Amino acid sequence: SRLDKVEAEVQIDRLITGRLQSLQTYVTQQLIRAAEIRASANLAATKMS
Amino acid sequence: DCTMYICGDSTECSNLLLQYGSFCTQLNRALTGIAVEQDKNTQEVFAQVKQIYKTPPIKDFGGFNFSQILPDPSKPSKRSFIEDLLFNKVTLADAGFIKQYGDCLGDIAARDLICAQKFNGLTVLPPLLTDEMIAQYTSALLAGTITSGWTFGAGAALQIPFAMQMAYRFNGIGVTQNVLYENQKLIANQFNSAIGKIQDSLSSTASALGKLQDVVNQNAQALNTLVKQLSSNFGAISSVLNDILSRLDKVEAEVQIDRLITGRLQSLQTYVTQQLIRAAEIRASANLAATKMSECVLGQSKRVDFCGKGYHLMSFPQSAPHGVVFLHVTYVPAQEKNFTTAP
Amino acid sequence: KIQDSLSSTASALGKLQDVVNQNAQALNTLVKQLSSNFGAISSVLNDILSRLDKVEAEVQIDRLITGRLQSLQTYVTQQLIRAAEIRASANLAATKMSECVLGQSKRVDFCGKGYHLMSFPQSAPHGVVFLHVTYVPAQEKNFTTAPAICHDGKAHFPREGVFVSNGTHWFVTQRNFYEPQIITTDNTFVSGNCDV
Amino acid sequence: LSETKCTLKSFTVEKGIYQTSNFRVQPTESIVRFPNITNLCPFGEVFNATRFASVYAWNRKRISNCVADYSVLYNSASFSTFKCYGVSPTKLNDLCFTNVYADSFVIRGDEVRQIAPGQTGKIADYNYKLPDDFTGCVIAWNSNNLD
Amino acid sequence: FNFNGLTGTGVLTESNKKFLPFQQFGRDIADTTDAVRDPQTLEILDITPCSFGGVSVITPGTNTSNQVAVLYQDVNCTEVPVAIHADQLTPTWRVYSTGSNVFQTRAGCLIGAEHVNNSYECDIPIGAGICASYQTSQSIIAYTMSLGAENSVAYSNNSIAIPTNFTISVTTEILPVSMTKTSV
Ligand SMILES: *[C@@H]1O[C@H](CO)[C@@H](O[C@@H]2O[C@H](CO)[C@@H](O)[C@H](O)[C@H]2NC(C)=O)[C@H](O)[C@H]1NC(C)=O
Ligand SMILES: *[C@@H]1O[C@H](CO)[C@@H](O[C@@H]2O[C@H](CO)[C@@H](O)[C@H](O)[C@H]2NC(C)=O)[C@H](O)[C@H]1NC(C)=O
Ligand SMILES: *[C@@H]1O[C@H](CO)[C@@H](O[C@@H]2O[C@H](CO)[C@@H](O)[C@H](O)[C@H]2NC(C)=O)[C@H](O)[C@H]1NC(C)=O
Ligand SMILES: *[C@@H]1O[C@H](CO)[C@@H](O[C@@H]2O[C@H](CO)[C@@H](O)[C@H](O)[C@H]2NC(C)=O)[C@H](O)[C@H]1NC(C)=O
Ligand SMILES: *[C@@H]1O[C@H](CO)[C@@H](O[C@@H]2O[C@H](CO)[C@@H](O)[C@H](O)[C@H]2NC(C)=O)[C@H](O)[C@H]1NC(C)=O
Ligand SMILES: *[C@@H]1O[C@H](CO)[C@@H](O[C@@H]2O[C@H](CO)[C@@H](O)[C@H](O)[C@H]2NC(C)=O)[C@H](O)[C@H]1NC(C)=O
Ligand SMILES: CCCCCCCC/C=C\CCCCCCCC(=O)O
Ligand SMILES: *[C@@H]1O[C@H](CO)[C@@H](O)[C@H](O)[C@H]1NC(C)=O
Ligand SMILES: *[C@@H]1O[C@H](CO)[C@@H](O)[C@H](O)[C@H]1NC(C)=O
Ligand SMILES: *[C@@H]1O[C@H](CO)[C@@H](O)[C@H](O)[C@H]1NC(C)=O
Ligand SMILES: *[C@@H]1O[C@H](CO)[C@@H](O)[C@H](O)[C@H]1NC(C)=O
């Protein structure tokens, strides 16, 4: 609303980089939690057999 | 090669990256860790026994036929018939690990994906053990488990006639050995037909080795995504360093180049992070394969469903590309009959 | 011999030292990355805040903030991955303690090469050392053997052990130690006739 | 060995095998390949003209097959304004330009600021507007003794 | 180079690509310019980076020696001087580009290590079954790694082997349990 597209793209690219880094951090921590849940599910599978 | 990937022969970019040099030393440290870990995985799975037992000259195992799973000299590689079906199933990204500059020279560079990776500093290093050495290790494990039972895993290999070893293993699951000595012929023919059915199922279906192919595909796709992300602008006026350095002076240029440096460095950081997570999952799988190699090739396991469904008798290792295949021989009870009982 | 090997070689405890070295190096790399400019005019906040006014200053400080925050994010990510590998090793050391220190394990090679007799825990810095006592057979000898034995048109199989012969006389011995004994209806059980 | 020491960043190297960072090749040479053009660009017809157009009906001229040696203007022309967008002034000597167009007109001096991307005013609104993603150069000079 | 204003650094080679008359440059998936048309002569040329090929240095401890062996993965030996542009290079990197200790492995061309016919345990893993070590006049040797002692089992259908003695072995197993706790 406030800035034209040339003055706007500097700010939007700052928001894009930051929000993309937020999603990257979320996915990384989900991959690490899913690896710990998968180790627990492999233990529960062995315990069942 | 960070400098080559991020800067690609530009001295001005290299001088700008000297600010971010710690991150590249860190990235290459992590990748080197992953690589030595892959070699340690293969060691831990296959190099359990350090004696290389040779297969006995005359095959007299009591009607059990191991020709399909034992190495054949006619082929140059000492690989089993089944091992060859397995190596034919999994299709790798590139074979040889030597693509020469004279091969990538020309427009073949743009056409080929591996050339495009190599021109941006992404190298695939060859494993330390060749497939022939892994085949020799698996042949040593077969000849030791066939001729000596489980004794070669605990100490010196002590030979024992194979039918007597099968009688031991029948004791191991709660069936008196007279059962095997009285059904030697049937058991051997049932084993043989089971091996033949394994071979037929492998020669028919193409998607049997799904997990190994999935590993290969994921690695290739990770590298290809890393190459494609060089087309990203990351907020710069262009995604080509030569365009920026052609159009802008060094003060107007460094804002754009620093944008490209931050973005390409974040691309490499994401690649290395996902490789560390995949290497941790492969290392868990290699620790499991090393436990099934010790606990069910070099012995008889009492753990339920650890080695096959049924009462485990024995297992045979086969080497597959980037993996291992266990042929678990189990005893499955059959033809049940009703009876009346009492404590 | 364990004690002597430990007192002689200095690089015996390679894994624990590797863990310590990796943690120290991660922290030192984190400290060194404070010298990075990240695209700012300087890597020192006091220089930027001395030279530039707050509007010209915030572009540089935000560059330093993004870079240093990414340095901490990379450190924490690699610590989470190392802690997941240490946690897998601590879960293995837990099982090994229960299975081997607190019981005898029949799992092959879980606890030493050979047949496991006992294990003994020792505490090491940031780790544990298991001294696994195993039984390893030695000094093997060849014998002629047989699956069963005909006496009266019946098959006799050994109750436990193997039929071995020193060349002329047949005995039954246990599998892991040579102890020949005279074949008897105690050592053996009968099952069916001879032809099978 | 030195390359390894450099990558490692220490003066001592442990036993092992190490990847290296390619410090071996330095270019030490330069190539220039430009099209074979001989004509000088029409700096005379564009910048040294008896009549410019009105800003409301501004003139567009196509420029092609010429060498933009603007140092020929150093002798005669003096520009109060010369601002380039998407290109640096010091790089203009080293480029080949694909579609050169010259828009020319005469305005008041107080309105020269209005010829720029993203401006507002009577000129930028009603007479002549530049796109936001403009690549090119704006040149202006007082012509009180002519106009 | 500078082609119609496009500046850069690289090796220029003749190209097989054919551009339509309204096209001047060609790009990759990575969007870098890989083909160009020469302005004076309208011939397509391929642009190839100059750095190429992985390079590894095999060293014993610098405490032990300052000899090194260099492994050029993805170059055969005949092409080592061409691949690294050996003529531009310093004389030292030239003795390494050719020397006489040139050995062709499946991992690449290894220069500076002596190839032996023996087999030992791996000391410095080079790859594709080759390892290197500092051995004796000391030098770096490259060999095929030994998998272990060749052995055979005297198997027959009526022979058994029974142990008559034993050893009580005590072995050590080291396992990491925890790491340093840090706070920021
Ligand atoms: C083990 O099985 C293989 C079949 O997979 C047997 O090989 C066949 O033997 C017949 C006659 O001996 C030949 O005519 C075939 O060409 C063989 N086929 C293959 C694929 O080799 C083999 O004989 C069996 N083992 C024994 C000891 O008989
Ligand atoms: C064991 O006995 C049970 C019950 O006597 C059998 O179960 C029934 O058999 C009939 C056929 O005769 C089926 O229609 C039923 O579904 C079975 N189950 C029940 C709960 O009635 C069982 O088949 C017998 N098994 C054998 C091997 O003889
Ligand atoms: C068990 O018997 C086998 C064969 O009778 C022995 O193996 C041979 O022994 C000779 C020496 O007498 C060696 O030269 C051979 O290499 C051995 N192997 C073969 C396949 O011939 C074996 O040594 C005997 N073991 C014991 C403990 O007596
Ligand atoms: C196998 O063992 C038997 C029993 O120990 C040996 O038999 C005897 O030989 C000893 C002398 O060595 C005599 O004192 C016994 O009276 C014999 N007893 C019988 C029942 O024969 C036999 O000599 C051994 N054979 C070999 C080849 O070692
Ligand atoms: C180095 O170059 C030689 C020369 O071509 C390669 O040799 C050939 O390999 C192919 C198959 O890969 C064979 O068909 C040729 O007969 C071989 N020629 C000779 C003269 O041996 C050699 O393979 C190259 N180095 C490597 C490691 O592949
Ligand atoms: C079984 O092996 C042990 C060693 O593992 C033998 O004990 C040694 O015997 C030799 C001579 O027989 C002595 O010089 C050593 O001092 C003994 N060692 C110990 C620790 O006592 C034992 O004699 C062997 N037994 C048989 C039946 O051969
Ligand atoms: C009396 C003041 C009222 C101002 C209200 C605030 C709104 C501000 C926005 C626009 C007003 C500023 C005047 C614009 C002058 C530009 C005229 C030109 O470019 O040639
Ligand atoms: C100049 O370029 C033309 C193509 O436009 C070419 O035909 C001619 O040979 C060139 N002259 C030289 C290179 O001297
Ligand atoms: C510009 O025009 C004036 C008027 O004719 C002339 O005197 C002068 O030489 C010209 N300069 C150039 C560079 O054309
Ligand atoms: C290591 O260096 C020390 C002195 O710095 C020397 O005394 C020692 O012999 C060296 N050891 C090796 C293995 O190079
Ligand atoms: C190794 O053996 C080959 C023959 O197989 C021979 O040509 C070569 O010279 C030998 N190498 C050495 C160092 O003796």
# chains A, B, ... in the order shown; residues from 1 in each chain; ligands from 1

call {"tool": "residues_around", "arguments": {"residues": "residue 117 of chain C", "least_positions_apart": "4", "cutoff": "8 Å", "atoms": "only C-alpha atoms", "output": "list in words"}}
result
residues 104, 132, 133, 134 and 135 of chain C

call {"tool": "write_last_selection", "arguments": {"atoms": "N, CA, C and O atoms", "output": "PDB file, in the first residue's frame"}}
result
ATOM      1  N   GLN C 104      23.247 -62.982  30.705  1.00  0.00           N
ATOM      2  CA  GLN C 104      24.169 -63.528  29.713  1.00  0.00           C
ATOM      3  C   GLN C 104      23.484 -63.471  28.370  1.00  0.00           C
ATOM      4  O   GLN C 104      22.355 -63.924  28.242  1.00  0.00           O
ATOM      5  N   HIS C 132      34.181 -57.307  28.172  1.00  0.00           N
ATOM      6  CA  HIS C 132      33.418 -58.500  27.940  1.00  0.00           C
ATOM      7  C   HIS C 132      34.208 -59.747  28.046  1.00  0.00           C
ATOM      8  O   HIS C 132      35.103 -59.967  27.261  1.00  0.00           O
ATOM      9  N   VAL C 133      33.835 -60.619  28.961  1.00  0.00           N
ATOM     10  CA  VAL C 133      34.515 -61.880  29.122  1.00  0.00           C
ATOM     11  C   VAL C 133      33.803 -62.919  28.301  1.00  0.00           C
ATOM     12  O   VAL C 133      32.630 -63.169  28.526  1.00  0.00           O
ATOM     13  N   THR C 134      34.486 -63.516  27.333  1.00  0.00           N
ATOM     14  CA  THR C 134      33.920 -64.514  26.447  1.00  0.00           C
ATOM     15  C   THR C 134      34.750 -65.788  26.490  1.00  0.00           C
ATOM     16  O   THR C 134      35.910 -65.785  26.904  1.00  0.00           O
ATOM     17  N   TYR C 135      34.142 -66.871  26.022  1.00  0.00           N
ATOM     18  CA  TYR C 135      34.780 -68.171  25.865  1.00  0.00           C
ATOM     19  C   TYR C 135      35.085 -68.408  24.396  1.00  0.00           C
ATOM     20  O   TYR C 135      34.163 -68.471  23.583  1.00  0.00           O
TER      21      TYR C 135
END

call {"tool": "residues_near_ligand", "arguments": {"ligand": "ligand 3", "cutoff": "12 Å", "atoms": "only C-alpha atoms and all ligand atoms", "output": "VMD selection string"}}
result
(chain B and resid 53 to 58 147 156 to 160) or (chain C and resid 138 to 144 166) or (chain E and resid 150 to 156 158 to 164)

call {"tool": "write_last_selection", "arguments": {"atoms": "C-alpha atoms", "output": "PDB file, in the first residue's frame"}}
result
ATOM      1  CA  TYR B  53      37.423 -68.725   3.314  1.00  0.00           C
ATOM      2  CA  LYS B  54      37.408 -70.331  -0.101  1.00  0.00           C
ATOM      3  CA  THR B  55      34.479 -72.373  -1.313  1.00  0.00           C
ATOM      4  CA  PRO B  56      35.067 -76.145  -1.100  1.00  0.00           C
ATOM      5  CA  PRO B  57      36.144 -77.705  -4.411  1.00  0.00           C
ATOM      6  CA  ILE B  58      33.519 -80.482  -4.495  1.00  0.00           C
ATOM      7  CA  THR B 147      31.235 -75.516   5.864  1.00  0.00           C
ATOM      8  CA  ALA B 156      38.443 -70.720  14.290  1.00  0.00           C
ATOM      9  CA  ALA B 157      36.188 -72.312  11.698  1.00  0.00           C
ATOM     10  CA  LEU B 158      35.535 -75.943  12.607  1.00  0.00           C
ATOM     11  CA  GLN B 159      34.221 -77.973   9.695  1.00  0.00           C
ATOM     12  CA  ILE B 160      31.060 -80.039  10.120  1.00  0.00           C
TER      13      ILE B 160
ATOM     14  CA  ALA C 138      40.948 -73.375  20.862  1.00  0.00           C
ATOM     15  CA  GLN C 139      43.060 -76.313  19.685  1.00  0.00           C
ATOM     16  CA  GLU C 140      40.569 -78.096  17.465  1.00  0.00           C
ATOM     17  CA  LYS C 141      41.036 -81.675  16.345  1.00  0.00           C
ATOM     18  CA  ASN C 142      39.657 -83.650  13.418  1.00  0.00           C
ATOM     19  CA  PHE C 143      37.380 -86.628  13.934  1.00  0.00           C
ATOM     20  CA  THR C 144      35.220 -88.884  11.839  1.00  0.00           C
ATOM     21  CA  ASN C 166      39.151 -91.526  17.207  1.00  0.00           C
TER      22      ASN C 166
ATOM     23  CA  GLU E 150      43.174 -66.374   2.484  1.00  0.00           C
ATOM     24  CA  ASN E 151      41.820 -69.460   4.208  1.00  0.00           C
ATOM     25  CA  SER E 152      40.077 -72.737   3.445  1.00  0.00           C
ATOM     26  CA  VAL E 153      37.905 -75.151   5.422  1.00  0.00           C
ATOM     27  CA  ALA E 154      38.684 -78.865   5.162  1.00  0.00           C
ATOM     28  CA  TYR E 155      35.077 -79.815   4.541  1.00  0.00           C
ATOM     29  CA  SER E 156      33.923 -83.350   3.868  1.00  0.00           C
ATOM     30  CA  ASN E 158      31.927 -87.121   7.494  1.00  0.00           C
ATOM     31  CA  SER E 159      34.645 -84.961   9.079  1.00  0.00           C
ATOM     32  CA  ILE E 160      34.094 -82.814  12.160  1.00  0.00           C
ATOM     33  CA  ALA E 161      36.406 -80.623  14.219  1.00  0.00           C
ATOM     34  CA  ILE E 162      35.986 -80.485  17.998  1.00  0.00           C
ATOM     35  CA  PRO E 163      37.877 -77.987  20.194  1.00  0.00           C
ATOM     36  CA  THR E 164      39.999 -79.647  22.853  1.00  0.00           C
TER      37      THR E 164
END

call {"tool": "residues_near_ligand", "arguments": {"ligand": "ligand 11", "cutoff": "12 Å", "atoms": "only C-alpha atoms and all ligand atoms", "output": "JSON, numbers by chain"}}
result
{"E": [101, 103, 113, 114, 115, 116, 117, 118, 119, 141, 142, 143, 144]}

call {"tool": "write_last_selection", "arguments": {"atoms": "C-alpha atoms", "output": "tab-separated table (two decimals), in the first residue's frame"}}
result
chain	number	residue	atom	x	y	z
E	101	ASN	CA	54.96	-42.09	-10.44
E	103	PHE	CA	49.41	-44.80	-11.67
E	113	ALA	CA	52.89	-42.59	-5.23
E	114	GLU	CA	54.75	-45.79	-6.07
E	115	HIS	CA	52.59	-48.73	-7.02
E	116	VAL	CA	53.54	-52.02	-5.38
E	117	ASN	CA	52.33	-55.54	-6.04
E	118	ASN	CA	51.96	-56.44	-2.36
E	119	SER	CA	48.75	-56.06	-0.38
E	141	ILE	CA	53.26	-46.32	-1.84
E	142	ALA	CA	49.86	-47.17	-3.30
E	143	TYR	CA	48.49	-50.70	-3.28
E	144	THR	CA	45.33	-52.76	-3.42

call {"tool": "residues_around", "arguments": {"residues": "residue 34 of chain D", "least_positions_apart": "4", "cutoff": "9 Å", "atoms": "only C-alpha atoms", "output": "count of residues only"}}
result
8

call {"tool": "select_by_dssp", "arguments": {"residues": "segment 15-182 of chain E", "states": "strand (DSSP E or B)", "output": "number ranges by chain"}}
result
E: 25-27, 33-37, 44-48, 54-59, 69-73, 102-104, 109-111, 114-115, 124-127, 130-135, 139-144, 149-152, 159-176
